[PDB]
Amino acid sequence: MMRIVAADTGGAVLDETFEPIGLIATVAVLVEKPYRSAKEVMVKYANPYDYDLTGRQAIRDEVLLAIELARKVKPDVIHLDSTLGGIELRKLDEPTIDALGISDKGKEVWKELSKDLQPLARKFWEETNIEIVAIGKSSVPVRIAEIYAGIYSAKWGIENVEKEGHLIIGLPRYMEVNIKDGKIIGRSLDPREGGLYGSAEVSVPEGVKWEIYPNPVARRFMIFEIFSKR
C-alpha cells in the first residue's frame, strides 16, 4: 500500500536550567505498512551549539532531507511536520499562509520559509508527482521520524560526551531510549500510538554512564543525561 517519507528534527542539548540550547538530529524515514517503524533512514547532525530555535532551520532541514530520501526511494507522498491541516507545500504561497488559522508569528516564520521551500516543493512535484503535505501531529511517519531523531540524539550524546564531560539532552515528547549490546532502541511512551519504535547501532565508550528522568521544566519530556568516563 501507501509508502511515506517523513522528516523531523529533534535532539536538544540543554543547559543546567534544562532550557534548550540547540537541536541535534534531522532524520528522514521511509515508512511502509504496518507503519510502526522505518524501512530506511537518513540522518543529518546539526551543531546544537549555534542553532536557530525559532523553527526556520529545523523545518528547512526537514524538507531538504526528506526530498533527498524521497527522490531516491520514490514514496507516494512526503509528510512534513507542521500541523496546517494537510495542505501541500507546493501550494503554500504567502497569501495562502496569511489566510491560515495560525499565530501571527507562525505566519511570519512560514512566509519566510515559503520563499524558498514553496518553489522547492513545486519543482519536486512537477518531476515526480510527489506532494509534500503539512500534516504535522496527525502523521504516524512524522512521529516515527521524531522517535528516530531521539534515537540519533542519544547516539550523538554517547559519541560526544568525551569532548564535553557532561551532557544534558532533552528527548522528543514522551519517548525513551534503551541501550543494550551496542544498539539504541527508542520507543514511544504513548500507548495510544500503537507501539512505534526504531533503532540505531551505537558504540559506547567504557566508563560512560547515562540516566533517563523527567525534565522538570517540560512536562511529558525526558532527560537523557550522560556522564563522561570518569
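Don't overthink the numbering: it's just position in the shown sequence, from 1.
Stretch exceeding the other in mean C-alpha B-factor - 47-55, 30-38: Of 30-38 and 47-55, the stretch with the higher C-alpha B-factor average is 47-55.
Select between 103-111 and 77-85 the stretch whose C-alpha atoms have the higher average B-factor in the entry. Mean B over CA atoms: larger for 103-111.
Taking the Cα B-factors listed in the entry, which of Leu69, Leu196, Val202, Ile169 comes out highest? In the PDB entry, the greatest C-alpha B-factor among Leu69, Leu196, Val202, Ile169 is found at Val202.
Considering only modelled residues of the same chain, in which third does the CA B-factor of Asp98 rank: lowest, middle or highest? According to the entry, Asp98 has a C-alpha B-factor in the chain's highest third.
B-factor third for the C-alpha atom of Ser139 within its chain: Its C-alpha B-factor, which the entry lists for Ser139, ranks in the lowest third among residues of this chain.
Compare the C-alpha B factor of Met1 with those of the other modelled residues in its chain, then answer lowest, middle or highest third. Highest third.
According to the PDB entry, is the CA B factor of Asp116 in the bottom, middle or top third of its chain, that is, lowest, middle or highest? Tercile = highest for this residue's CA B-factor.
Can you tell me whether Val177 has a C-alpha B-factor in the lowest, middle or highest third compared with the other modelled residues of the same chain? Middle third by C-alpha B-factor.
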